[PDB]
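A.B. asks: Take a look at the following structure, please.
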Amino acid sequence: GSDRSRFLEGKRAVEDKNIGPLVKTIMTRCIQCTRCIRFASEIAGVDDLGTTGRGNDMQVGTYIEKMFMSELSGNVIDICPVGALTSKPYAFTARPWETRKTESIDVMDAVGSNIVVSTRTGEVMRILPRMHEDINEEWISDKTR
Amino acid sequence: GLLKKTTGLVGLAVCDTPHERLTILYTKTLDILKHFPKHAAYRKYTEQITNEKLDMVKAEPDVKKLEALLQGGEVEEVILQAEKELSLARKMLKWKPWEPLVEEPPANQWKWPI
Amino acid sequence: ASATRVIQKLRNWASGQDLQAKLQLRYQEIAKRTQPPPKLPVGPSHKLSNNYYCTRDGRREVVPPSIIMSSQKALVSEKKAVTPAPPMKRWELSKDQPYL
Amino acid sequence: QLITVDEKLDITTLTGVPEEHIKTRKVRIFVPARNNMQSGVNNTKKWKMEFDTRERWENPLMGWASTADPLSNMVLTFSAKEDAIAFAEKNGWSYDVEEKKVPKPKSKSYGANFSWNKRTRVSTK
Amino acid sequence: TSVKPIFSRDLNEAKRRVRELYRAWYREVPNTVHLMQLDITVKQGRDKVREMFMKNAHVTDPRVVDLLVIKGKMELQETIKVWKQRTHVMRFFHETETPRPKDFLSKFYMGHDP
Amino acid sequence: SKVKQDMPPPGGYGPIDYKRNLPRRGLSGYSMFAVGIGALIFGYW
Amino acid sequence: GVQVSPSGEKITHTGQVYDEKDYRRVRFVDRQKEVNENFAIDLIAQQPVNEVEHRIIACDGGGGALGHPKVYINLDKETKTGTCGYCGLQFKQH
Amino acid sequence: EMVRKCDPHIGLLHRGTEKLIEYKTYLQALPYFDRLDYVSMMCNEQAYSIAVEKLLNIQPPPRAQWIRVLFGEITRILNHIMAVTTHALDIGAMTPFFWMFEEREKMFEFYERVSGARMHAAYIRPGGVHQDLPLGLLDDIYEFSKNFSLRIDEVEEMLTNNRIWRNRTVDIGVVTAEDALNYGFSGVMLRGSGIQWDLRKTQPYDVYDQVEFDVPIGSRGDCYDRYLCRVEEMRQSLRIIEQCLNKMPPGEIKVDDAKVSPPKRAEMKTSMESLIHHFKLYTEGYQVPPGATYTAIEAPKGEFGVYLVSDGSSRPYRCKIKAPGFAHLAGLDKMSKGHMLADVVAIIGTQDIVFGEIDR
Amino acid sequence: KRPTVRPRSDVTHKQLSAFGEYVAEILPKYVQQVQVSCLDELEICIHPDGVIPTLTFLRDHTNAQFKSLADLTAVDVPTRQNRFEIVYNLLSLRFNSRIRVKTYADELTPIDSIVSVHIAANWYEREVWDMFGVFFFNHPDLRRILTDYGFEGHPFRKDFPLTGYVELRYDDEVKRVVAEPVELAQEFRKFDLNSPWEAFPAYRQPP
Amino acid sequence: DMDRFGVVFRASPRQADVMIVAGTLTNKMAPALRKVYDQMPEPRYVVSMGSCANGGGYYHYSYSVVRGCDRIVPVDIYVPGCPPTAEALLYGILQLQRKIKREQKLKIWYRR
Amino acid sequence: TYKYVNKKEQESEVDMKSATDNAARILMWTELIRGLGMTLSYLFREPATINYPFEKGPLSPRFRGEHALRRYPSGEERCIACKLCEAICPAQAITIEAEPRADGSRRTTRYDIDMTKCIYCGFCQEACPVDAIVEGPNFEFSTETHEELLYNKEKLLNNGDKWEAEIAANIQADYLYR
Ligand SMILES: CCCCCCCCCCCCCCCCCC(=O)OC[C@H](COP(=O)(O)OCCN)OC(=O)CCCCCCCCCCCCCCCCC
Ligand code: SF4
Ligand code: SF4
Ligand code: SF4
Ligand code: SF4
Ligand code: SF4
Ligand SMILES: [Zn+2]
């Protein structure tokens, strides 16, 4: 990409959505990629997430107040490349360069979901998935994260 | 012309008689390179160089014109380099650098970045 | 600045040269300490048009180094002798002050 | 001339380390997993060699994280795997090697999203 | 297998140099406890020498042994001269470090380390 | 407004002196020796 | 909010105070602990809402290049109000 | 009281700057170069900046180069004051020190008005320069330069035609040219023996081709010749400051490429691109391509060199620093042969010696 | 013509490629992989047995009077079995040029020394032995320079920790500057900064 | 000027009342520092000058650095900076003067 | 271009006058009376020294000294725990530990600076996107204890509330350059 803005006009700003106690939606920065509706429809099987309107005024999310509360919901935080939606527990705590990363596994369920435990000065900051195709296909449950 | 009472470099004398010492040293180089084998490259290149500089000496008797034609600074620096090339020729006669490559390296040795 | 005109004379004689004009201290001939605000200029690549980073990237115009006589590959090293460069041309003696 | 040395290449008497961090220590040779936040994979592709973690503790003055081992912030990088096993066997470290995890190739189709019969007919766009 | 040497055709010709070095140290200790006024006895200095020798007796590579001999000669140079002070020499003895417990249950009582 | 960047003034700066200036001064040496020997002879008388 | 604990120590805006049995109270003997009395929570609460006319406005600190990056806040909601991430000022539309 | 052998046991300002540089970024590593040779600060960071620029295939603009050469010559006058006056202190003459450290304080005021640090200003960056110099500073440099000639004349009056200084420096530290080249000397220790060589002339790096000056050279390799060479280098640095003041072109001071050099403070508060670039520059770095270089400048002591080794990462893999003073100290034992403790003291002072670069 | 990028010439590249062919065909018993970079810095790579002959050649040859040693470095790359890449930066002063001669080594494959060619190499070889552990044959002194006298370790090796294995402090019990093991009140915070994106396709390693 | 205050250098540590640690203290130079501090005759004071000597500084995490002269000599007064302005070192010296001004030794001796 | 500093053009011209002048240079120390006169001239000049506590050295707004954590004019805390002042700090002097404030705001629970590791480089204040941490003018904060030079959020905020009247002016003067 370039290194300069030739943009001299006012930006927009989008209303934010209160999904739930995990996913912290700040939708003034969504790039409208639809990588989340596809997850929710094809992998979580929920179909409670879409797009409202058109143009710049298209707003991703529900048309209503609805708790997107599923056992595979924290994976959108890894899916969304932008930080339009982040996690609330990790909210404002650390930053990725600070973090050391130890490849461990899960013990909640007996699936054996491979996992990365991220630390910061002797603490535990967040959990993340690992990639194994036989188990934990880039996805983990909301408990173990 | 004259004797150039001060060469600017320190520790270097003046060599009141140039146009002889250079003939000595270049003739000695030429006579020692005959012991090198023909296919060697040091022989060829050093022969070219010494022949050119010997021709320069034979041509010009003036020390200043000789310097400006023989781009090696003062004539005493040129003489020092001739002595040192002669020493090198002997050392290379002993080393046999022209042989094929000995013990080519492992593959990932000069590969960079890694 | 205050040297009562006879001590000025003493110091200018003992030194050897006028130093009331070339003083070690600073009174009023210095750039003052609160100043107007500037307006700093703006370099090229602010063109607003006909300026794409792919055209004026330097960090990407590099290549891995060229190679001669790699033992890995089959490269091959009358032929006149060679220098790494032409001989460094001699320096000329100065003209404003050659013999200090 | 040459010599016929049979035994394992060993260097620990040269490295100037204590017996502690040689014998007690364990080493993990691996390619790091990609951060699932970023879709990039260049932080992979190089075998690394980390050490086991050790006790950190709260400094009683300010709360900083202290250590008693110097191998904590230790990371090396190797273009391959046998290089890493060699370096570890050479420096006297017991190692555990985690094999290379490569994602399965997959058959994508933008036309499956608009099928007449299949369940790939996505209800959105 | 099929490697170059350094100073040693074999391990016995390396043990030769090892014993020469042990000898130099044994003959140097009484002068080092005297020149710089150490507060030890010559007996335990030489016992320290034999200890720091038997710290590396498991080795069988001649090349490693030669390098250890080299570093021993370096330390012997530093100690024969007074380039290093009483601090550096008494560093060997560990006169302040409590003994690392070589027992399980003690390690369990203090620390998570093995 | 227009730019302002602490450029030099219009007309460059004045000529900075850099060459050595140690002023040859003093008497001749004949004069000094004359003064010395004269003081000496007067003192002896 | 510089209410004290029963152990007599001042409590910080990061509610931090040492326990009674925490031996780390020694360092405040013949000494004190530096705590700032001016809490930014209560101060930025002591600040009124700037009503506006539009649904989308911008916020810098007020100096321009001396504040914070320009950000835009939506004001379509009526039950609550807008808020800046950097500062903590609030906005509303009539 | 005469020396038969010298074994300098350096190692007492060895910290491990090269390893720490391997662990830091290319910008984090810059102040180490300010701290290596700590009387010629801006020249070391100039060398580092040039090397990283070469690795990036990027050049800074005219104004940045001009102020860079200006402050390089200011560093030369700093270190030559330092060397000359410390050499004199060693030999016994202590008044030049106090006469010239006032001028050094004025120079430090220049540093502190340009940067905010008297000595360790991280002002020369890889992409040009950090901060444009303020209004009303070239006038002050001019007001200084017009009188520094008188100052250096005072010192030269004290201890050039003197007898004690002459008897104490002449026929001391004599070096042959071949010995200098083989031992690895550089700069003044060459030019005192009479070797015509100066990278400001042969390998000009910022604008030195565009500015004129003469290189003082000595005919005997005694300490006196390479004292007068330093004095005349100070005078010629003044001659160059005159030119750099008379032409200091307008324009940007850093490279207008926000993937290497950070943007303007207001541009990173209205534009998203430049904020991203601020973020990544000030947290990660700028990912110079792989490769390697050896770049050398005329530091006021000699050839200050940096051999950088790189990778796609934002950090360096190796950065050795050539120290002019390393080879000089190696040649100490050769230069002190048939001399005494006092003459050896003078020989130490003559090398323009400083141990942050040697031990480093 | 572009201002932000660095200017470029070709005559230096051609000259150095020619001189590289020169050395390559004049000294084939040792030479490997001559190369010239984008920035024109010639770089010859050498078998460790060829060190004295190559350096003596470049010092004493007439068309190559590289009679000044600028640096003598080493570079630890743990991957390759011969770790230490050793570097010899030189300059001529007759042609106003530089060259770089390179060799390789290991913990137990030392190299002949160069004081017989360049006396400047004495303290550099000492530094290299101290920092990386490369022994140099037929060297006069070859002791440490920079490390403390009672020091075990070769610090600039990549497998050596930045903070070390020993720490110093004074003790009243013995009235000496004893050396305790290392225990820091703040662990060095390693940052994972490298981005997961190919920045430079020209150096793209294929599998 | 320091001699304005009666603060002039002396090269021998036995003709000295204070030492100023103006630089980085390495593992190789610490025995010498302690020998020198010892040889100084009491009453004696120490001024740690600079980040490299107060703490380890910019070379805190290196293998050859002691992370403060606190571990080798007892410091009376710490001067921060990299470098500390001589203005600041002078402030610290006058602060050490003020520290000496309130020593109350003979008072406590009388009260023994 | 080059030039000789101690090379005589040519020798061998002497008469009794030049001999007298050289013999009077010798035997009268005439080139030493010049040094005496120089030092005498310096005795009668104005000395460059200053009564420090009462009159001090000249500094500029760019001068970088003691640190401080600033606030907005509303009193709101200006830092947001973006945690790059410690990313770039080449001494690893800064630590941050951050949380939401119970107002719903990105703010710190920790801001420490080991001022015995700081090198006073300015990178933190030219990296902060909000002008929160600065490097102020105070250079007179020497201490009798190491532990005092290890700062935290409260000390830095005390500095800011102390030195705002100076720092605001310095920033106003130096911006348009940064
Ligand atoms: C009637 C006929 C008969 C008459 C007979 C009388 C004939 C005239 C006699 C004149 C003789 C005057 C005395 C001269 C003695 C000095 C001799 C000399 O040559 O100088 C000595 C020394 C040498 O200097 P240099 O350049 O190295 O030359 C030596 C080369 N072989 O140079 C030096 O000494 C300088 C080193 C010492 C420096 C010390 C600092 C001196 C500062 C000057 C203070 C002057 C104050 C004197 C006041 C005295 C009051 C009591
Ligand atoms: S994944 Fe994130 S950026 Fe993409 S549409 Fe969903 S919220 Fe927007
Ligand atoms: S970090 Fe990325 S997602 Fe977050 S505000 Fe910046 S550009 Fe947008
Ligand atoms: S100026 Fe800085 S780097 Fe140099 S000694 Fe002082 S604290 Fe250390
Ligand atoms: S850079 Fe500024 S806003 Fe970010 S954590 Fe540091 S002080 Fe706070
Ligand atoms: S001035 Fe530099 S060293 Fe000091 S805290 Fe800021 S970034 Fe760190
Ligand atoms: Zn705001």
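Every chain in the structure tokens takes a letter, A first, then B, and so on in the order presented; its residues are numbered from 1, and the ligands are numbered from 1 following the presented order.
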Please provide as a PyMOL selection string all residues within 7 Å of residue 29 of chain B, with the sequence filter that same-chain residues fewer than 4 positions apart are discarded (counting only C-alpha atoms).

C.D. replies: chain B and resi 25+33+86

A.B. asks: Go ahead and save the picked residues with N, CA, C and O atoms, as a short mmCIF file (atom, residue, chain, number, x, y, z; two decimals), in the first residue's frame.

C.D. replies:
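And here's out_3.cif as it stands now:
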data_model
loop_
_atom_site.label_atom_id
_atom_site.label_comp_id
_atom_site.auth_asym_id
_atom_site.auth_seq_id
_atom_site.Cartn_x
_atom_site.Cartn_y
_atom_site.Cartn_z
N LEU B 25 64.53 -5.32 -10.97
CA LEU B 25 63.43 -6.01 -10.32
C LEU B 25 62.46 -6.59 -11.34
O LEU B 25 62.00 -7.73 -11.18
N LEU B 33 59.11 -15.87 -13.38
CA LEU B 33 57.82 -16.33 -13.87
C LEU B 33 57.96 -17.42 -14.93
O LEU B 33 56.99 -18.11 -15.22
N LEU B 86 57.90 -9.32 -6.47
CA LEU B 86 58.89 -10.38 -6.62
C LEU B 86 58.80 -11.39 -5.48
O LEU B 86 58.78 -12.61 -5.71
#

A.B. asks: If the cut-off is 8 Å, can you tell me the residues of chain C near chain K, counting only C-alpha atoms? I'd like them as number ranges by chain.

C.D. replies: C: 3, 7, 10-12, 14-15, 25, 33, 37-40, 91-94, 97-100

A.B. asks: Would you output that residue set with N, CA, C and O atoms, as a PDB file, in the first residue's frame?

C.D. replies:
ATOM      1  N   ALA C   3      36.203  47.368  29.836  1.00  0.00           N
ATOM      2  CA  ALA C   3      37.615  47.157  30.129  1.00  0.00           C
ATOM      3  C   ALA C   3      38.394  48.465  30.235  1.00  0.00           C
ATOM      4  O   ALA C   3      39.620  48.456  30.089  1.00  0.00           O
ATOM      5  N   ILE C   7      43.199  48.861  30.101  1.00  0.00           N
ATOM      6  CA  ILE C   7      43.337  47.425  30.265  1.00  0.00           C
ATOM      7  C   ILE C   7      43.037  46.726  28.956  1.00  0.00           C
ATOM      8  O   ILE C   7      43.643  45.695  28.638  1.00  0.00           O
ATOM      9  N   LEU C  10      46.285  47.002  27.321  1.00  0.00           N
ATOM     10  CA  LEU C  10      47.234  46.049  27.884  1.00  0.00           C
ATOM     11  C   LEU C  10      47.004  44.654  27.327  1.00  0.00           C
ATOM     12  O   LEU C  10      47.952  43.971  26.923  1.00  0.00           O
ATOM     13  N   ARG C  11      45.750  44.209  27.306  1.00  0.00           N
ATOM     14  CA  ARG C  11      45.475  42.851  26.865  1.00  0.00           C
ATOM     15  C   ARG C  11      45.675  42.717  25.361  1.00  0.00           C
ATOM     16  O   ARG C  11      46.154  41.683  24.887  1.00  0.00           O
ATOM     17  N   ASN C  12      45.347  43.761  24.597  1.00  0.00           N
ATOM     18  CA  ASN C  12      45.573  43.725  23.160  1.00  0.00           C
ATOM     19  C   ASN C  12      47.047  43.783  22.796  1.00  0.00           C
ATOM     20  O   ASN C  12      47.417  43.349  21.701  1.00  0.00           O
ATOM     21  N   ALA C  14      49.617  42.534  25.016  1.00  0.00           N
ATOM     22  CA  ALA C  14      50.183  41.287  25.506  1.00  0.00           C
ATOM     23  C   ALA C  14      49.759  40.108  24.646  1.00  0.00           C
ATOM     24  O   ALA C  14      50.565  39.214  24.366  1.00  0.00           O
ATOM     25  N   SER C  15      48.493  40.077  24.236  1.00  0.00           N
ATOM     26  CA  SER C  15      48.041  39.083  23.274  1.00  0.00           C
ATOM     27  C   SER C  15      48.789  39.213  21.957  1.00  0.00           C
ATOM     28  O   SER C  15      49.539  38.316  21.559  1.00  0.00           O
ATOM     29  N   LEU C  25      32.869  36.096  24.859  1.00  0.00           N
ATOM     30  CA  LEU C  25      31.566  36.167  25.487  1.00  0.00           C
ATOM     31  C   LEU C  25      30.548  36.736  24.509  1.00  0.00           C
ATOM     32  O   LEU C  25      30.878  37.149  23.397  1.00  0.00           O
ATOM     33  N   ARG C  33      15.981  34.444  22.078  1.00  0.00           N
ATOM     34  CA  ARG C  33      15.611  33.144  22.614  1.00  0.00           C
ATOM     35  C   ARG C  33      14.132  32.819  22.478  1.00  0.00           C
ATOM     36  O   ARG C  33      13.774  31.638  22.538  1.00  0.00           O
ATOM     37  N   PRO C  37       6.899  31.919  15.043  1.00  0.00           N
ATOM     38  CA  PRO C  37       6.647  30.544  14.667  1.00  0.00           C
ATOM     39  C   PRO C  37       7.020  30.311  13.216  1.00  0.00           C
ATOM     40  O   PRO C  37       6.887  31.224  12.388  1.00  0.00           O
ATOM     41  N   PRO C  38       7.495  29.116  12.864  1.00  0.00           N
ATOM     42  CA  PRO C  38       7.810  28.845  11.465  1.00  0.00           C
ATOM     43  C   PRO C  38       6.640  28.285  10.685  1.00  0.00           C
ATOM     44  O   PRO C  38       5.525  28.146  11.196  1.00  0.00           O
ATOM     45  N   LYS C  39       6.905  27.967   9.425  1.00  0.00           N
ATOM     46  CA  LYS C  39       6.021  27.148   8.610  1.00  0.00           C
ATOM     47  C   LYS C  39       6.944  26.234   7.817  1.00  0.00           C
ATOM     48  O   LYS C  39       7.509  26.642   6.800  1.00  0.00           O
ATOM     49  N   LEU C  40       7.116  25.020   8.301  1.00  0.00           N
ATOM     50  CA  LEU C  40       8.099  24.135   7.716  1.00  0.00           C
ATOM     51  C   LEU C  40       7.596  23.627   6.368  1.00  0.00           C
ATOM     52  O   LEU C  40       6.397  23.383   6.208  1.00  0.00           O
ATOM     53  N   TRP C  91      46.792  14.052  -5.844  1.00  0.00           N
ATOM     54  CA  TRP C  91      46.238  15.291  -5.338  1.00  0.00           C
ATOM     55  C   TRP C  91      47.115  16.462  -5.739  1.00  0.00           C
ATOM     56  O   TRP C  91      48.342  16.356  -5.813  1.00  0.00           O
ATOM     57  N   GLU C  92      46.465  17.589  -5.991  1.00  0.00           N
ATOM     58  CA  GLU C  92      47.149  18.813  -6.358  1.00  0.00           C
ATOM     59  C   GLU C  92      47.407  19.640  -5.112  1.00  0.00           C
ATOM     60  O   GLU C  92      46.594  19.661  -4.186  1.00  0.00           O
ATOM     61  N   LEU C  93      48.545  20.319  -5.095  1.00  0.00           N
ATOM     62  CA  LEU C  93      48.896  21.148  -3.958  1.00  0.00           C
ATOM     63  C   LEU C  93      48.039  22.402  -3.928  1.00  0.00           C
ATOM     64  O   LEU C  93      47.725  22.990  -4.965  1.00  0.00           O
ATOM     65  N   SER C  94      47.660  22.805  -2.718  1.00  0.00           N
ATOM     66  CA  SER C  94      46.737  23.902  -2.513  1.00  0.00           C
ATOM     67  C   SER C  94      47.291  25.205  -3.081  1.00  0.00           C
ATOM     68  O   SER C  94      48.469  25.323  -3.418  1.00  0.00           O
ATOM     69  N   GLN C  97      47.042  28.369   0.581  1.00  0.00           N
ATOM     70  CA  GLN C  97      48.058  28.242   1.613  1.00  0.00           C
ATOM     71  C   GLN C  97      48.768  26.899   1.489  1.00  0.00           C
ATOM     72  O   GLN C  97      48.485  25.978   2.261  1.00  0.00           O
ATOM     73  N   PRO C  98      49.686  26.743   0.543  1.00  0.00           N
ATOM     74  CA  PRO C  98      50.317  25.435   0.342  1.00  0.00           C
ATOM     75  C   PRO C  98      51.395  25.101   1.352  1.00  0.00           C
ATOM     76  O   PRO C  98      51.572  23.934   1.708  1.00  0.00           O
ATOM     77  N   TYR C  99      52.133  26.110   1.797  1.00  0.00           N
ATOM     78  CA  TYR C  99      53.219  25.943   2.759  1.00  0.00           C
ATOM     79  C   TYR C  99      52.879  26.785   3.977  1.00  0.00           C
ATOM     80  O   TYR C  99      53.176  27.983   4.022  1.00  0.00           O
ATOM     81  N   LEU C 100      52.252  26.151   4.952  1.00  0.00           N
ATOM     82  CA  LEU C 100      51.881  26.801   6.190  1.00  0.00           C
ATOM     83  C   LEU C 100      53.099  27.333   6.933  1.00  0.00           C
ATOM     84  O   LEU C 100      53.822  26.579   7.581  1.00  0.00           O
TER      85      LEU C 100
END

A.B. asks: Go through E:19, E:114, E:99, E:84 and flag the residue nearest chain H, using only C-alpha atoms for the distances.

C.D. replies: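 Of E:19, E:114, E:99, E:84, the one nearest chain H, counting only C-alpha atoms, is E:84.
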
A.B. asks: Between D:73, D:62, D:81, D:54, which has the minimum distance to chain K (counting only C-alpha atoms)?

C.D. replies: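 For chain K, the nearest of the candidates is D:62.
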
A.B. asks: Please identify every polymer residue within 12 Å of ligand 1, using only C-alpha atoms and all ligand atoms, and present the set as an MDAnalysis selection string.

C.D. replies: (chainID F and resid 29:30 32:45) or (chainID H and resid 161:168 170) or (chainID K and resid 22:37)

A.B. asks: Would you list which chain F residues are within 10 Å of chain C using only C-alpha atoms, as an NGL selection string?

C.D. replies: :F and (1-6 or 19-25)

A.B. asks: 12 Å from ligand 7 is the threshold here; counting only C-alpha atoms and all ligand atoms, which polymer residues fall inside it? Answer as a PyMOL selection string.

C.D. replies: (chain G and resi 44+57-64+66-73+82-91) or (chain H and resi 269) or (chain K and resi 72-74+76-78+80+105+130)

A.B. asks: Counting only C-alpha atoms and all ligand atoms, which residues of chain K fall within 12 Å of ligand 6, and what is the closest atom pair for each with its distance in Å at one decimal, ordered by chain and rising number, as a tab-separated table?

C.D. replies:
residue	atom	partner	partner_atom_place_in_ligand_line	distance
K:63	CA	ligand 6	1 (S)	11.3
K:64	CA	ligand 6	1 (S)	7.8
K:65	CA	ligand 6	1 (S)	8.3
K:66	CA	ligand 6	1 (S)	9.0
K:67	CA	ligand 6	5 (S)	7.8
K:68	CA	ligand 6	5 (S)	10.4
K:69	CA	ligand 6	5 (S)	11.7
K:83	CA	ligand 6	7 (S)	11.6
K:84	CA	ligand 6	7 (S)	9.3
K:85	CA	ligand 6	7 (S)	6.0
K:86	CA	ligand 6	8 (Fe)	6.8
K:87	CA	ligand 6	7 (S)	8.6
K:88	CA	ligand 6	7 (S)	6.1
K:89	CA	ligand 6	7 (S)	3.7
K:90	CA	ligand 6	3 (S)	5.9
K:91	CA	ligand 6	3 (S)	5.4
K:92	CA	ligand 6	8 (Fe)	6.7
K:93	CA	ligand 6	8 (Fe)	5.5
K:94	CA	ligand 6	5 (S)	6.0
K:95	CA	ligand 6	5 (S)	9.8
K:111	CA	ligand 6	5 (S)	10.8
K:112	CA	ligand 6	5 (S)	9.4
K:113	CA	ligand 6	5 (S)	6.3
K:114	CA	ligand 6	5 (S)	7.9
K:115	CA	ligand 6	4 (Fe)	7.2
K:116	CA	ligand 6	4 (Fe)	9.2
K:117	CA	ligand 6	3 (S)	6.8
K:118	CA	ligand 6	4 (Fe)	3.7
K:119	CA	ligand 6	3 (S)	4.1
K:120	CA	ligand 6	1 (S)	3.6
K:121	CA	ligand 6	2 (Fe)	3.9
K:122	CA	ligand 6	1 (S)	4.1
K:123	CA	ligand 6	7 (S)	4.3
K:124	CA	ligand 6	7 (S)	4.1
K:125	CA	ligand 6	6 (Fe)	6.7
K:126	CA	ligand 6	7 (S)	8.8
K:127	CA	ligand 6	7 (S)	8.5
K:128	CA	ligand 6	7 (S)	10.0
K:132	CA	ligand 6	6 (Fe)	11.8
K:133	CA	ligand 6	6 (Fe)	8.4
K:134	CA	ligand 6	6 (Fe)	8.1
K:135	CA	ligand 6	1 (S)	6.8
K:136	CA	ligand 6	1 (S)	10.2
K:150	CA	ligand 6	5 (S)	11.5
K:151	CA	ligand 6	5 (S)	10.8
K:156	CA	ligand 6	5 (S)	11.7

A.B. asks: Grab me every residue within 9 Å of ligand 2, counting only C-alpha atoms and all ligand atoms, and send it over as a PDB file with C-alpha atoms, in the first residue's frame.

C.D. replies:
ATOM      1  CA  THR A  25     -18.059  -4.481  18.785  1.00  0.00           C
ATOM      2  CA  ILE A  26     -16.616  -1.169  17.635  1.00  0.00           C
ATOM      3  CA  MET A  27     -18.071  -0.971  14.137  1.00  0.00           C
ATOM      4  CA  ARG A  29     -13.817   0.409  11.671  1.00  0.00           C
ATOM      5  CA  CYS A  30     -15.410  -2.623  10.004  1.00  0.00           C
ATOM      6  CA  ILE A  31     -14.188  -3.010   6.420  1.00  0.00           C
ATOM      7  CA  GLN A  32     -17.334  -4.920   5.330  1.00  0.00           C
ATOM      8  CA  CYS A  33     -15.582  -8.169   4.480  1.00  0.00           C
ATOM      9  CA  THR A  34     -18.366 -10.570   5.555  1.00  0.00           C
ATOM     10  CA  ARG A  35     -15.853 -13.020   6.972  1.00  0.00           C
ATOM     11  CA  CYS A  36     -18.067 -13.122  10.100  1.00  0.00           C
ATOM     12  CA  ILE A  37     -21.517 -13.777   8.652  1.00  0.00           C
ATOM     13  CA  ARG A  38     -20.067 -16.740   6.778  1.00  0.00           C
ATOM     14  CA  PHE A  39     -18.575 -18.189   9.947  1.00  0.00           C
ATOM     15  CA  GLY A  50     -25.948  -9.866   8.220  1.00  0.00           C
ATOM     16  CA  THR A  51     -25.782  -6.523   6.468  1.00  0.00           C
ATOM     17  CA  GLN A  59     -23.864  -1.782   8.633  1.00  0.00           C
ATOM     18  CA  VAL A  60     -22.812  -5.299   9.508  1.00  0.00           C
ATOM     19  CA  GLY A  61     -24.570  -6.964  12.414  1.00  0.00           C
ATOM     20  CA  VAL A  76     -14.862 -14.172  15.228  1.00  0.00           C
ATOM     21  CA  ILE A  77     -12.242 -12.263  17.230  1.00  0.00           C
ATOM     22  CA  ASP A  78      -9.580 -14.218  15.344  1.00  0.00           C
ATOM     23  CA  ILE A  79     -11.517 -14.125  12.072  1.00  0.00           C
ATOM     24  CA  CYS A  80     -12.071 -10.350  11.971  1.00  0.00           C
ATOM     25  CA  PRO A  81      -8.649  -9.126  10.779  1.00  0.00           C
ATOM     26  CA  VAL A  82      -9.601  -5.628  11.729  1.00  0.00           C
ATOM     27  CA  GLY A  83     -10.322  -4.902  15.375  1.00  0.00           C
ATOM     28  CA  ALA A  84     -13.949  -4.058  14.704  1.00  0.00           C
ATOM     29  CA  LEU A  85     -14.766  -6.734  17.244  1.00  0.00           C
TER      30      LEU A  85
END

A.B. asks: Near segment 53-64 of chain B, counting only C-alpha atoms, which residues have an atom at most 9 Å away, once you skip same-chain residues fewer than 3 positions from it, shown as a ChimeraX atom specification?

C.D. replies: /B:1-2,18-20,22-23,26-27,48-50,67-70,74-75

A.B. asks: If the limit is 9 Å from any atom of ligand 4, counting only C-alpha atoms and all ligand atoms, which residues qualify? Return them as a ChimeraX atom specification.

C.D. replies: /H:31-32,34-36,38,119-120,356 /J:22-25,49-54,56-59,80-84 /K:116-120

A.B. asks: Could you list the residues in chain H lying within 9 Å of chain K, using only C-alpha atoms, and format the result as JSON, numbers by chain?

C.D. replies: {"H": [24, 25, 27, 28, 29, 31, 95, 102, 109, 112, 113, 114, 115, 116, 117, 118, 120, 121, 122, 130, 131, 132, 133, 134, 154, 157, 158, 159, 161, 162, 163, 196, 201, 212, 213, 214, 215, 216, 217, 218, 219, 220, 224, 225, 228, 229, 232, 264, 265, 266, 268, 269, 275, 278, 279, 282, 283, 284]}
